[PDB]
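Counting starts at 1 for both ligands and their atoms, in listed order. Every chain is numbered from 1, with letters handed out A, B, ... down the list of sequences. Because only heavy atoms are used, hydrogens play no part in the values below, and waters and symmetry mates are left out as well, while side chains stay in.
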Amino acid sequence: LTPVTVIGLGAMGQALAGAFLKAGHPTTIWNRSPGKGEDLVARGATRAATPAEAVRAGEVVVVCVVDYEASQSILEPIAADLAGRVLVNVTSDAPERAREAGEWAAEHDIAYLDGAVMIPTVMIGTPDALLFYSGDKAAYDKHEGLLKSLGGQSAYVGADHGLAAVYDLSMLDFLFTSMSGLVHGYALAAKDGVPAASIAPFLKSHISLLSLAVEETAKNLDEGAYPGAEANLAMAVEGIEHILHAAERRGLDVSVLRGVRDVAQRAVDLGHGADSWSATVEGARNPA
Amino acid sequence: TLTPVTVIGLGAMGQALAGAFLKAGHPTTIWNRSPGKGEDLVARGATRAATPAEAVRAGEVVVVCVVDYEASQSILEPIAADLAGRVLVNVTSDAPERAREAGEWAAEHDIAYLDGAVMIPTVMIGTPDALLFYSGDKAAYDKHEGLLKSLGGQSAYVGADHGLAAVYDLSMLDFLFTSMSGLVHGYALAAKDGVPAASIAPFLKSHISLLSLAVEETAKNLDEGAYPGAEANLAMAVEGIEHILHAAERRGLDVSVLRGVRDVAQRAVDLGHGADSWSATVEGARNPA
Ligand SMILES: NC(=O)c1ccc[n+]([C@@H]2O[C@H](COP(=O)([O-])OP(=O)(O)OC[C@H]3O[C@@H](n4cnc5c(N)ncnc54)[C@H](OP(=O)(O)O)[C@@H]3O)[C@@H](O)[C@H]2O)c1
Ligand SMILES: NC(=O)c1ccc[n+]([C@@H]2O[C@H](COP(=O)([O-])OP(=O)(O)OC[C@H]3O[C@@H](n4cnc5c(N)ncnc54)[C@H](OP(=O)(O)O)[C@@H]3O)[C@@H](O)[C@H]2O)c1
């Protein structure tokens with residue numbers, strides 16, 4: 001039963017440590033700020049007094065903090081104590097930061113997986129939870145059972161240390177932008193006296209539509225073909241402008257809709273008014 | 001015999017509506033401003049009218065589906081005399097203000113009026129996955145419910161206010177178009193590092209599932225004014241968005257949408273919500289600087 005260490009006792013670090021304990025792994029925890037995660041110690045975790053003590057207690061060291069400025073500020077002073085252990089950083093950040101961390105790990109003889117948690121804390125430790133990994137495949141295979149205690153959908157995506165961050169940020173781009181639009185549409189409805197509870201059942205239709213659009217948009221963008229006969233971009237721009245101006249008249253922030261509209265109109269300017277929404281990729285890639 | 005219907009507008013959606021009326025056996029008359037559209041509807045049995053006046057005279061119910069209300073009212077106003085008596089159904093997507101103006105005009109001309117919206121793509125018209133909203137004259141909706149239900153399983157009359165369907169429509173399209181922008185953007189980000197969209201797509205089901213539950217939870221949070229952030233705080237999410245925005249900008253992508261996403265979230269943090277959940281961003285949307 002491989003001993004593991006969790007660096008970071010924010011919401012997600014605590015979830016990761018809890019899943020390791022539930023799976024029966026000896027678990028050691030550490031956080032910059034004191035007093036967090038009381039229940040983890042009640043569940044059997046050892047609380048380390050220093051970062052070096054923490055890493056020396058784990059054959060695998062899992063880091064989950066807010067950014068790589070934070071993670072590397074913790075890890076750089078203790079590089080010598082990471083020798084012979086597998087370092088796994090699941091902090092969400094840019095591929096450039098993951099690649100820099102990977103170069104530093106290689107310099108110090110530290111087996112390295114750079115990863116990402118793609119689901120909320122309550123899903124950690126369940127079969128459906130998705131986590132990405134990239135880097136040392138031998139280390140991933142050796143500790144696959146340990147890692148799968150965090151989520152059944154653990155997905156290794158390649159040896160390049162930035163690849164997990166590519167998949168992570170691309171998906172979060174979609175997710176956060178979508179969550180912004182969800183809040184915004186409910187805010188628009190509320191301005192006109194419609195509670196969100198009345199809109200929510202109908203949005204199931206747009207969730208189903210998004211599932212179809214995931215596949216079609218992927219094929220269109222990979223191909224560079226944007227067939228618009230059944231729904232053209234010029235029509236969509238007019239539709240978006242109606243939303244934009246309605247929300248503006250109601251005193252809502254419309255920075256997001258203005259961006260949606262501007263990127264779409266840019267693609268129209270580039271010749272894509274008869275193409276589908278997928279042609280907006282041309283406006284995103286070729287801004288004015 | 002079956003109720004005769006007229007479709008005004010032979011763009012993509014008008015053609016789909018006319019095709020569904022034909023499939024159900026309704027006599028169907030069609031008209032479009034520009035020539036040469038919808039000839040396959042004529043082959044399937046539709047009658048092409050030469051003018052909008054002739055088109056409406058052939059229908060007990062008149063269904064309009066054009067690009068905006070500037071367009072629809074420019075067609076309908078000159079033919080008010082021929083519309084009197086008939087039921088007018090406008091499913092063009094536009095602002096509630098335009099729908100209320102059109103409903104007032106119809107009422108002042110003794111035209112029974114439904115204002116509606118098509119919420120799904122053309123392939124779903126005539127199927128159980130169709131969703132259309134209607135608001136306005138309940139008596140006309142009830143009389144012609146069977147005709148309207150030939151378009152789609154979910155045919156939802158929402159209330160008397162002529163602008164109410166438009167509120168439901170634009171609120172949902174706000175979500176849909178914003179989400180579609182993010183889907184294109186995320187795939188574009190992946191491609192900048194050589195990752196095809198086909199490689200990202202299989203994993204997006206995880207986030208569609210998240211969004212499916214967020215639809216319900218976010219609705220409750222906003223209706224209640226409760227934004228519990230213990231398990232995912234807004235300050236953490238702002239940093240996450242920053243990383244996406246910088247990664248994308250450094251790869252040469254337009255980041256206007258992410259900048260807006262971040263700015264509304266940051267405004268909510270500035271209003272005291274850094275420990276609350278993403279739902280607290282409604283306060284930034286409502287109280288811009
Ligand atoms: N639902 C979720 O919560 C969720 C889901 C998927 C992914 N994630 C990812 O998980 C990561 C952690 O997020 P979280 O939700 O756990 O955030 P959180 O609850 O805000 O925790 C932030 C963590 O980072 C630490 N930290 C920040 N700056 C630091 C510094 N300069 N030095 C040392 N430690 C520092 C904090 O330590 P202190 O306690 O000392 O501040 C804490 O342990 C993020 O990358 C996030 O995107 C989270
Ligand atoms: N396509 C979809 O997936 C979809 C889904 C849901 C809702 N809708 C809604 O359906 C409505 C129609 O969209 P669509 O996809 O059919 O658009 P489209 O294919 O671009 O067709 C536009 C229609 O409007 C007409 N039009 C434009 N300006 C006009 C004017 N000044 N006078 C008269 N006619 C005018 C066009 O006639 P000409 O041929 O003479 O230009 C055509 O019939 C929009 O409100 C849209 O949001 C569409």
* Single hit among B:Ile244, B:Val184, B:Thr178, B:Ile241 for side-chain contact (heavy atoms from CB on, under 4.5 Å) with A:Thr177 -> B:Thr178

* Looking at atom 29 (C) of ligand 2, is any protein heavy atom nearer than 4.0 Å to it? -> yes

* **Per-residue contact class, B:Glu231 against ligand 1 - non-hydrogen pairs under 4.0 Å** => backbone

* Among B:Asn32, B:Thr92, B:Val91, closest by any non-hydrogen atom to atom 36 (C) of ligand 2 -> B:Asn32

* Taking atom 32 (N) of ligand 2 as the reference point, the nearest protein heavy atom with its distance -> B:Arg33 NH1, 3.8 Å

* Asked: Between B:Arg98 and B:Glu70, is the closest basic N to carboxylate O distance under 4.0 Å?
  -> no

* Asked: Any idea which atoms of ligand 1 are less than 4.0 Å away from a heavy-atom of A:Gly8?
  -> 43 (O)

* Run down the list A:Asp168, A:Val65, A:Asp93, B:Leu234 and name the one with the heavy atom closest to atom 23 (C) of ligand 1. => A:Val65

* Determine, step by step, whether B:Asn221 and B:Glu217 satisfy the side chain to side chain donor-acceptor pair (under 3.5 Å) criterion, reporting the C-alpha distance in whole Å, the side-chain angles of both residues, the deciding distance to 0.1 Å, and the verdict. => CA-CA 6 Å; B:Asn221 296 160; B:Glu217 174 65 8; 2.9 Å; yes

* Starting from atom 33 (C) of ligand 2, find the nearest protein heavy-atom neighbour and note its residue, name and distance. => B:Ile75 CD1, 3.6 Å

* What about A:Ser33: any of its N or O atoms under 3.5 Å from an N or O on ligand 1? -> yes

* Could you tell me whether some N/O pair between A:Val66 and ligand 1 is separated by less than 3.5 angstrom? => yes

* Structure fact -> Here the pair of heavy atoms bringing B:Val66 nearest to B:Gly9 is CG1-CA, 3.9 Å

* Near A:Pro120, which atoms of ligand 1 are under 4.0 Å from a heavy atom of that residue? -> 1 (N)

* Is the B:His162 ring parallel, tilted or perpendicular to the B:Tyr113 ring (thresholds 30°, 60°)? -> tilted

* Mind checking whether B:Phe133 and B:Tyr168 have parallel, tilted or perpendicular rings, split at 30° and 60°? -> tilted

* Which is it for B:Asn233 and ligand 1 at heavy atoms under 4.0 Å: side chain, backbone, both or neither? -> side chain

* OG1/A:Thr126 to CD/A:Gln153 distance, rounded to the nearest 0.5 angstrom? -> 8.5 Å

* Look at ligand 2 and say whether B:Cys65 reaches it with a heavy atom at a distance under 4.0 Å. => yes

* Asked: Which atom names give the shortest non-hydrogen contact between A:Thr91 and A:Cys64, and what distance separates them?
  -> OG1-CA, 3.6 Å

* **Side chain proximity check, A:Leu182 to B:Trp278, heavy atoms < 4.5 angstrom** => no

* Asked: What's the spacing between A:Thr28 OG1 and A:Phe20 CZ if we round to 0.5 Å?
  -> 11.5 Å

* To do: State, to 0.1 Å, how close B:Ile125 and B:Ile120 come at their nearest heavy-atom pair, and which atoms those are.
  => CD1-CD1, 3.8 Å

* Structure fact -> Correct closest heavy-atom pair for A:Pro95 and A:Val166 would be CG-CG2, 3.7 Å

* Structure fact -> atom 5 (C) of ligand 1: of A:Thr121, A:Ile119, A:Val117, the nearest heavy atom sits on A:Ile119

* Structure fact -> Among non-hydrogen protein atoms, atom 46 (C) of ligand 1 lies closest to B:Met236 SD, 3.7 Å

* Indicate yes or no: does an N/O atom of A:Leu9 lie under 3.5 Å from an N/O atom of ligand 1? => yes

* Asked: Does the N or O separation between A:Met12 and ligand 1 drop below 3.5 Å for any pair?
  -> yes

* Output yes when the distance from some N or O of ligand 2 to some N or O of B:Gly11 is under 3.5 Å, and no in every other case. => yes

* For atom 45 (O) of ligand 2, what's the nearest protein heavy atom and its distance? -> B:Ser93 N, 2.9 Å

* At a 4.0 Å threshold, what atoms of ligand 1 neighbour a non-hydrogen atom of A:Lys36? -> 39 (O)

* Asked: What about B:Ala12: any of its N or O atoms under 3.5 Å from an N or O on ligand 2?
  -> yes

